[PDB]
Novice: 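Quick one: this structure, given as structure tokens, is what I'll be asking you about.
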Amino acid sequence: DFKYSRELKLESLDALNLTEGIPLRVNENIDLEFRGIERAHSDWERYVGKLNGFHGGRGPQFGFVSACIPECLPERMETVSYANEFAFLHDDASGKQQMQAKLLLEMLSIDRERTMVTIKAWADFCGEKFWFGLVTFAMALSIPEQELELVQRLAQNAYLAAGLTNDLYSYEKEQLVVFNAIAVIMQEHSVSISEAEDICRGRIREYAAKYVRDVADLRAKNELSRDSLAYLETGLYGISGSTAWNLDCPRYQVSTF
């Protein structure tokens, strides 16, 4: 039931067969997303430190957030984008808590109850729970507590598909600078990079196909809450958006350092 996003023809995903047949959707407010990325970089330089050669969720045509949370509420896009960009920077001391406080104040002013759920998920660390806090806040979703255990267990497949794809597309630039799936497969099977890569692709397609099927069944049954279903359906655009973004995003392009 789409109100804020747009489906994009990107025929290379069919040839790549990593996202099953999940379409690419992109939030139409890419401009707000970039504004929140710029502000996060301005605050980081202001409070934390200088940034040189850093690239986060910005891609040449769309950003990470607009492809992966395509139905993100427009008035929440900047904040959601800022928080995603800040998590990218944090992953790569007084100012950090000052930036966090500001972000917390902006979130509480938008959605008090759902900022608390989100913060709870973000204190645990597990990257599952970061994306869980961000998506639920970005789309103003309230997962019934009786459904949470089941919803999170189901979403794990989409997190694995996107997580492994990420490592697949980040290994090259990461090696040039390992805690990557390609390296583990190169230990266990003692194989070359391209052979670990083909094994990784097999696993990605398993996880992706299982997720697509489960979400189809749950949607067809309509016995879970609309917010749980909306969260799970966002899991699908997170797989297609992650992959499409990975193709050309500066973060993983060797052309940068």
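Each residue takes its place number in the sequence, starting with 1. Every heavy atom of this structure was used, including side-chain atoms; hydrogens, water molecules and symmetry mates were not.
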Novice: Hey, are the side chains of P23 and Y237 touching, using non-hydrogen atoms and a 4.5 Å cut-off?
Specialist: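 Side-chain contact under 4.5 Å: yes.
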Novice: Say whether, by atom type as modelled, one donor and one acceptor occur between the side chain of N246 and the main chain of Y169 under 3.5 angstrom.
Specialist: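 No; judged by distance alone, with no hydrogens or angles, the pair does not exist.
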Novice: For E71 and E233, run side chain to side chain contact (heavy atoms under 4.5 Å, CB included): C-alpha distance rounded to whole Å, both residues' side-chain angles, the deciding distance at 0.1 Å, then the answer.
Specialist: CA-CA 10 Å; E71 282 299 298; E233 199 176 3; over 6 Å; no
Novice: Test: salt bridge (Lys or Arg N to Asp or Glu O under 4.0 Å). Region: residues 183-196. Which pairs qualify, not counting sequence neighbours?
Specialist: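 Listed once each, the pairs would be none.
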Novice: Flag yes if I199 and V184 sit in one hydrophobic cluster, no otherwise; membership is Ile, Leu, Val, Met, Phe, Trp, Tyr, and two members link when side-chain heavy atoms are under 4.5 Å apart.
Specialist: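 Result: no, two separate clusters.
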Novice: Taking atom CZ of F64 and atom CD1 of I37, what is their separation to the nearest 0.5 Å?
Specialist: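 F64 CZ to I37 CD1: 10.5 Å, rounded to 0.5 Å.
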Novice: Show, in sequence, the C-alpha distance, side-chain angles and deciding distance for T136 and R114, and conclude whether the side-chain hydrogen bond (donor to acceptor under 3.5 Å, both in side chains) test is met.
Specialist: CA-CA 7 Å; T136 51; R114 294 195 187 89; over 6 Å; no
Novice: Between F132 and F137, is the gap from one ring center to the other below 6.0 Å?
Specialist: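 Centroid distance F132-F137: not below 6.0 Å, so no.
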Novice: Identify whether the distance between the nearest side-chain nitrogen and carboxylate oxygen of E20 and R205 falls below 4.0 Å.
Specialist: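 Not counted as a salt bridge, because no side-chain N and carboxylate O are separated by less than 4.0 Å.
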Novice: Take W131 and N84, measure what side chain to side chain contact (heavy atoms under 4.5 Å, CB included) needs, and give me the verdict at the end.
Specialist: CA-CA 9 Å; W131 205 245; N84 197 72; 3.5 Å; yes
Novice: Look at atom CD of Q97 and say whether more than 12 heavy atoms of other residues, nucleotides or ligands are closer to it than 6.0 Å.
Specialist: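 Atom CD in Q97 is not crowded, with 12 or fewer foreign heavy atoms closer than 6.0 Å.
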Novice: Shortest non-hydrogen contact from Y171 to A183?
Specialist: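 It is CE1-N, 4.5 Å.
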Novice: Would a single hydrophobic cluster contain both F179 and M186, if residues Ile, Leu, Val, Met, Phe, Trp and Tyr are joined by side-chain heavy-atom contacts under 4.5 Å?
Specialist: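 They do not share one cluster, since no chain of ILVMFWY contacts under 4.5 Å joins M186 to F179.
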Novice: If we ignore hydrogens and angles and just use 3.5 Å, is the side chain of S170 paired with the main-chain N or O of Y252 as donor and acceptor?
Specialist: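 Absent.
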Novice: For residues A138 and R76, report the shortest heavy-atom separation together with the two atoms involved.
Specialist: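 That closest heavy-atom pairing would be O-CD, 3.8 Å.
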Novice: Would you say the side chain of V212 lies within less than 4.5 Å of the side chain of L236, judging by non-hydrogen atoms?
Specialist: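 Contact flag for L236/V212 side chains = yes.
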Novice: Rounded at 0.5 Å granularity, tell me how far NE2 in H55 sits from CZ in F88.
Specialist: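 Between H55 NE2 and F88 CZ, I get 12.5 Å after rounding to 0.5 Å.
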Novice: Quick one: pull up CD1 in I185 and OG in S190 and give me the separation to the nearest 0.5 Å.
Specialist: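 Going from CD1 on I185 over to OG on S190, the span is 12.5 Å.
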Novice: Answer yes or no: does atom CD of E75 have more than 12 heavy-atom neighbours from other residues, nucleotides or ligands under 6.0 Å?
Specialist: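 Enclosed.
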Novice: Below 4.5 Å, heavy atoms only, C-beta onward: do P70 and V26 meet side chain to side chain?
Specialist: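 When only atoms from C-beta onward are counted, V26 and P70 do not touch, as no gap falls below 4.5 Å.
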Novice: Taking the six-membered ring for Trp, are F54 and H41 closer than 6.0 Å centroid to centroid?
Specialist: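 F54 vs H41: aromatic centres under 6.0 Å.
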Novice: Quick check: does any side chain N or O of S42 sit under 3.5 Å from a backbone N or O of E38, one acting as donor and the other as acceptor?
Specialist: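 Side chain of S42 to backbone of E38, a donor-acceptor pair under 3.5 Å: no, none is there.
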Novice: Taking CZ in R203 as the centre, count heavy atoms belonging to other residues, nucleotides or ligands within less than 6.0 Å. Is the count above 12?
Specialist: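 Result for CZ/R203: open.
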Novice: How would you list, by chain and number, every residue that makes a side-chain contact (heavy atoms from CB on, under 4.5 Å) with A244, sequence neighbours excluded?
Specialist: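 Listed in chain order: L10, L13, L24, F62.
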Novice: What are the two closest heavy atoms between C68 and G241, and how far apart are they?
Specialist: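 Of all heavy-atom pairs spanning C68 and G241, the closest is SG-C, 3.8 Å.
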Novice: Taking side chain as C-beta onward, heavy atoms only, is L168 less than 4.5 Å from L18?
Specialist: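 SC-SC contact between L168 and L18 confirmed.
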Novice: Under the side chain to side chain contact (heavy atoms under 4.5 Å, CB included) rule, what do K129 and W122 come out as? Steps first, then yes or no, please.
Specialist: CA-CA 6 Å; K129 281 280 226 129; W122 287 358; 6.0 Å; no
Novice: Should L105 and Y47 be regarded as members of a common hydrophobic cluster, given that ILVMFWY residues are connected when their side-chain heavy atoms come within less than 4.5 Å of each other, either directly or indirectly?
Specialist: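 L105 does not cluster with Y47.
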Novice: Show the nearest heavy-atom pair for residues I204 and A161, with the distance to one decimal.
Specialist: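 Shortest heavy-atom separation between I204 and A161 comes out as CG1-O, 3.7 Å.
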Novice: Among all residues two or more places apart in sequence or in another chain, which pass the salt bridge (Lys or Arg N to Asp or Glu O under 4.0 Å) test with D31?
Specialist: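 Scan of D31 (salt bridge (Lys or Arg N to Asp or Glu O under 4.0 Å), adjacent residues dropped) gives none.
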Novice: Starting at CG of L108, measure out to CG of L104 and round the result to the nearest 0.5 Å.
Specialist: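 Reported to 0.5 Å precision, the distance equals 4.5 Å.
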Novice: Determine, stepwise, if the pair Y4 / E28 fulfils side chain to side chain contact (heavy atoms under 4.5 Å, CB included).
Specialist: CA-CA 6 Å; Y4 316 116; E28 311 196 319; over 6 Å; no
Novice: Please confirm whether the backbone N or O of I182 pairs with a side-chain atom of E197, one donor and one acceptor, at under 3.5 Å?
Specialist: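 Not at all, since once roles are kept as given, no pair shorter than 3.5 Å links the two residues.
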Novice: Quick one: do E206 and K210 make a salt bridge, cutoff under 4.0 Å?
Specialist: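 Looking at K210 together with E206, the answer is no, because their closest N to O distance does not fall below 4.0 Å.
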Novice: Are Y231 and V151 close enough that some pair of their side-chain heavy atoms sits under 4.5 Å apart?
Specialist: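 SC-SC contact between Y231 and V151 confirmed.
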Novice: With distance as the sole criterion, is a donor-acceptor pair present between the side chains of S240 and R25 under 3.5 Å?
Specialist: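 Their side chains do not contain a donor-acceptor pair, so the 3.5 Å distance test is not met.
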Novice: Quick check for you: to the nearest 0.5 Å, what is the distance between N180 atom CG and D167 atom CG?
Specialist: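 So the gap between those two atoms works out to 4.0 Å.
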Novice: With a 4.5 Å limit on heavy-atom distance, are the side chains of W44 and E85 in contact?
Specialist: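 No - every pair of side-chain heavy atoms lies 4.5 Å or more apart.
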Novice: Which pair of heavy atoms, one from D111 and one from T115, lies closest together, and at what distance?
Specialist: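 So the two residues come closest at O-OG1, 2.8 Å.
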Novice: Just by distance, no angles: are the side chains of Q253 and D248 close enough, under 3.5 Å, to form a donor-acceptor pair?
Specialist: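 The answer is no; no qualifying pair exists.
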Novice: Are any non-hydrogen side-chain atoms of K96 and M99 less than 4.5 angstrom apart?
Specialist: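 Answer no - side chains too far apart.
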Novice: Going hydrophobic residue to hydrophobic residue with side-chain gaps under 4.5 angstrom, can you get from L232 over to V117?
Specialist: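 Linked within one cluster.
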Novice: Hey, are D92 and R251 close enough for a salt bridge, meaning a charged N less than 4.0 Å from a carboxylate O?
Specialist: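 Salt bridge between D92 and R251, a charged N being under 4.0 Å from a carboxylate O: yes.
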Novice: Quick one: does any side-chain atom of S242 pair with a main-chain N or O of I239 as donor and acceptor, under 3.5 Å?
Specialist: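 Here the side-chain-to-backbone pair does not exist.
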Novice: Is it true that the side chains of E147 and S225 contain a donor and an acceptor less than 3.5 Å apart?
Specialist: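 Yes, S225 and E147 have a side-chain donor paired with an acceptor closer than 3.5 Å.
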Novice: Taking the side chain as every heavy atom from C-beta outward, state whether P250 and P60 have any atom pair closer than 4.5 Å.
Specialist: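 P250 vs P60: side chains touch.
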Novice: Short question: side chain of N157, backbone of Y211 - any donor-acceptor pair under 3.5 Å?
Specialist: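 No, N157 side chain to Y211 backbone: no donor-acceptor pair under 3.5 Å.
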Novice: Can you tell me how far apart CG (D198) and CD1 (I193) are? Round to the nearest 0.5 Å.
Specialist: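 It comes to 12.5 Å.
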Novice: Strictly by salt bridge (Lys or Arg N to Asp or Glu O under 4.0 Å), give each pair with a member in residues 41-53 just once, sequence neighbours left out.
Specialist: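 Qualifying pairs: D43-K102.
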Novice: Compare every heavy atom of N29 with every heavy atom of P74, then report the nearest pair and how far apart it is.
Specialist: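 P74 and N29 have their closest heavy atoms at CB-ND2, 3.5 Å.
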Novice: Tell me which pairs pass salt bridge (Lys or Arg N to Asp or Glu O under 4.0 Å) where either residue lies in residues 217-226, with sequence neighbours left out.
Specialist: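 Of all non-adjacent pairs touching residues 217-226, those that pass salt bridge (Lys or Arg N to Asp or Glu O under 4.0 Å) are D217-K221.
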Novice: Does the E33 side chain pair with the main chain of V65, one donor and one acceptor, at a distance under 3.5 Å?
Specialist: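 Yes, because the side chain of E33 sits within donor-acceptor range (under 3.5 Å) of the backbone of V65.
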Novice: Taking only residues two or more places apart in sequence or in another chain, which ones pass salt bridge (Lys or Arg N to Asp or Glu O under 4.0 Å) with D14?
Specialist: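 Testing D14 for salt bridge (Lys or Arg N to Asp or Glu O under 4.0 Å), a comparison that skips the adjacent residues, returns none.
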Novice: With a cut-off of 6.0 Å (strictly less than), are more than 12 heavy atoms of other residues, nucleotides or ligands near CZ of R35?
Specialist: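 Counting neighbours around CZ of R35, 12 or fewer heavy atoms of other residues, nucleotides or ligands fall under 6.0 Å, so no.
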Novice: Other residues, nucleotides and ligands only: do more than 12 of their heavy atoms fall within 6.0 Å of CG on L16?
Specialist: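 Enclosed.
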Novice: Would you say the side-chain atoms of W245 pair up with the backbone N or O of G63, donor to acceptor, closer than 3.5 Å?
Specialist: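 A pair under 3.5 Å: no.
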Novice: With distance as the sole test, does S66 use its side chain to make a donor-acceptor pair with the main-chain N or O of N27 at under 3.5 Å?
Specialist: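 No.
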